[PDB]
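This document opens with one chain alone, in structure tokens, the form deposited in one PDB entry.
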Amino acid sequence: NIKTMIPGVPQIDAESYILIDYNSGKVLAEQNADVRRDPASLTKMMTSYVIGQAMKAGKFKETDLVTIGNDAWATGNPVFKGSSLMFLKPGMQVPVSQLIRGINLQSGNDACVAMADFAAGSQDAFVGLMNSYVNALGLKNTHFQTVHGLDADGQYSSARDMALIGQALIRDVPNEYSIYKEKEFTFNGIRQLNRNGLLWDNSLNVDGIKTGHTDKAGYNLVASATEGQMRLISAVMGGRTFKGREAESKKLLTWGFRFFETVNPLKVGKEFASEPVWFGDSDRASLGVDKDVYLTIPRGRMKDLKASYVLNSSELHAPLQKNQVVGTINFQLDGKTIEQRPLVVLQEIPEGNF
């Protein structure tokens, strides 16, 4: 009973939430995770993702100066009334490094415009890139209309989708993601604090990602934290109170680490199994995976994990291509398969030549 316990999920004072494992993608807990909601500044994770991709591709670098245009003039555009702002003015020449911290640390709406025009020519073209990555990432309940996440009539996302955008930032653009734990930066002689309060919570190792409020969105937070081999991502959307804006997410993350763990039982290129092969230059095929296996299991069950496999075909016949799928690996706990991963050929086996 203690081994097989299913933990009760804490009550979360928000419209929707999800808690996932960064490495395995396992969903640990969820409520209304696919409900479409106003994303507020969570939009800026996608803005940041696009900028990170452009930097990874070498389109510009952190030291490059961006010349601020009229559309990013904080006090020249009443759309910015009451929003988080660097107070950019036209003609300023600001390093990319400073603008991306304005976006990431401070959720500067004006910085978002400045970077969008710099990276993509216009806000509309930048929003096209955002939505292109929505498609690339397979997100089913997200659509952006602007570069900053101010409430927009046809813009939406969901707790699942924002968690997946967080996962994507950490995974695909780690140099961009490393910025999010920085507690402060300085622009125009003024120190600006990272708005993610959880960075200062001694009880967790939180290192991201985005907190944000608008009137329609309520309190929103995508947080990520680590403990040993383990990284969790929480998305909590439509948080109902000011006092719960960090605490509700802290409840989820703390619960996650207490009841679950991440195991990495197999890495790419390492032999999980061997099988005979016919017609080859080798008599045996070395079999494993083409992607590191991460599983999320109840905490302390690692010693109970078992693994076995099945094969698609009776016989293996050369030529066998590298990463050719030949079976399935079943990972098991208490006699029941909990996870499956493709079993693939690790080293090519062409037809024998003698």
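Sequential numbering from 1, following the sequence displayed. Basically, rigid core = biggest C-alpha set you can superpose within 1.5 Å across the two forms.
What follows is about the form deposited in another entry, which we do not show.
With the rigid core superposed, which of 123, 98, 106, 167 has its C-alpha shift by 2 Å or more between this form and the one not shown? One residue passes the 2 Å cut-off, namely 106.
On a core-based superposition, does residue 264 travel 2 Å or more at its Cα between this form and the one not shown?
Residue 264: C-alpha displaced by less than 2 Å between this form and the one not shown.
Once everything's superposed on the core, is residue 241 shifted 2 Å or more at the Cα between this form and the one not shown?
No, its C-alpha moves less than 2 Å.
Aligning on the rigid core, do we see the C-alpha of residue 226 shift 2 angstroms or more between this form and the one not shown? No, the C-alpha moves less than 2 Å.
Q. Shorter or longer C-alpha distance for residue 188 and residue 116 in that other deposited form, given it differs from this form by 3 Å or more?
A. Residues converge in that other deposited form, at least 3 Å closer.
Do the C-alpha atoms of residue 107 and residue 169 sit closer or farther apart in that other deposited form than they do here, given a shift of 3 Å or more?
Farther: residue 107 and residue 169 separate by 3 Å or more in that other deposited form.
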